[PDB]
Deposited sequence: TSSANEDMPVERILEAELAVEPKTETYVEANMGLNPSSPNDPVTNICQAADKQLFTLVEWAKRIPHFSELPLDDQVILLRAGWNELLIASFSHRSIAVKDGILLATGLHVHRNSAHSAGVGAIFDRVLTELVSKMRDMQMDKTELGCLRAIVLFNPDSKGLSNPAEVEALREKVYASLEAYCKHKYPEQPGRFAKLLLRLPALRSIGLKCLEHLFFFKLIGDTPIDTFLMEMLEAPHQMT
């Protein structure tokens, strides 16, 4: 009903440093739409609810994506544009705190547990199927899809890593940190928009709309 194979397929189908980061974010919103279209039963929801889910979860989804991407590197983040932001660059641009939070609470833990792409895709699908999203035409259907995602995820974990009985819960317990970090990053984005001395592209700007 919610096979982890299709979720993994969705992940593999989509393959001032603050300015570069904003460029990469705008580039990856377009890609996020396609990714979400490849998640089972997402396209079958009402279009308004698809809009609501993506607008509620885009920042967390993209943060998870590049945090997992940056496993291969140390003290840095790999942007989807093929550009590397070093910890020192971020600190010298005045955004060292949130960057260190990303490296410490997300990237290094993903690397410590060797979180694979299937698990990343399942966590992102859980984030996508956020039943607390305000305005959902039917939050019960979204809740059910979320339950199916984490059922399949727990099954995959107990089959692939039978020696780690706590791996499922450890995967789920990174979601609070992802939520906090996403909120903080959104705050930074709104400050950049208000200040208006940082170029924000059209899709990112639309995500900043009311």
{"item": "Stretches with no C-alpha atoms in the model, relative to the deposited sequence starting at 1", "value": "1-6, 22-40, 236-240"}
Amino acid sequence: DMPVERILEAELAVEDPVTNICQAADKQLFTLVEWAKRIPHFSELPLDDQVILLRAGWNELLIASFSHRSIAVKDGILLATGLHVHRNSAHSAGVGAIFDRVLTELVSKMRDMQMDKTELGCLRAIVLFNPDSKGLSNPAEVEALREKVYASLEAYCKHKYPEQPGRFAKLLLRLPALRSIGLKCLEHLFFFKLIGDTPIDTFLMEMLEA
From here on, numbers count along this sequence of modelled residues.
{"item": "Deposited CA B-factor, highest of 85, 98, 125, 140", "value": "140"}
{"item": "Ranked C-alpha temperature factor of residue 163 among modelled chain residues, by third", "value": "highest"}
{"item": "Entry-reported Cα temperature factor of residue 22, expressed as the chain third it lands in", "value": "middle"}
{"item": "Relative C-alpha B-factor of residue 75, binned into the chain's lowest, middle or highest third", "value": "highest"}
{"item": "Chain-relative CA temperature factor third for residue 133", "value": "middle"}
{"item": "Assigned third (lowest, middle, highest) for the C-alpha B factor of residue 152", "value": "middle"}
